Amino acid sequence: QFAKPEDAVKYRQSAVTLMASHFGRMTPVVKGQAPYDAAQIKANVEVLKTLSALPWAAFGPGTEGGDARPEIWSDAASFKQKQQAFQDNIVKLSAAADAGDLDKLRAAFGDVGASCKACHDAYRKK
C-alpha cells in the first residue's frame, strides 16, 4: 500500500506509536496507581489487539529505513518469530482482560512488555 519505502517507514512508526500508547497507558492500572475497571481495560486491549497486528506488513521487502535494523530482512525468519511471539503474548493479554482478572492482567502485561523489549534489543537501531 506504500508508494515509496518512506511511506512504509512513516506507517510503521505511526503504528508502533499508537500501540505504545495503548499498552503504556495501562501501566498505572497494572501498578494499582489508577483504578481497575474491567470493561475499560477489555475495550482498550481490543484496540491494542488490532493495532499490534499492523506494523509487521510495513516491513515488506525493500522498505529498509527509519530505525529498523537491516537484520529484519536478512533474518526474516528470526524477525517473524519475534513478531509472532509478541502477538501471541497479546493473545494472553486479551484473555486476561476478557476474564476481568487484575492478577492475570499484570502477569500478561509484563510478558507483553518483555516481548516489545526483546524485539527492540535485536532489530531496533539504538
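Residue numbers here begin at 1 and follow the sequence given.
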With B-factors read from the PDB entry, the higher C-alpha mean of 34-42 and 81-89 is in 81-89
Tell me which stretch has the larger mean Cα B-factor in this entry, 52-60 or 65-73. 65-73
Check where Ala15 lands among this chain's C-alpha B-factors and tell me if it's the lowest, middle or highest third. lowest
Ranking every modelled residue in this chain by its Cα temperature factor as given in the entry, which third contains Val112? lowest
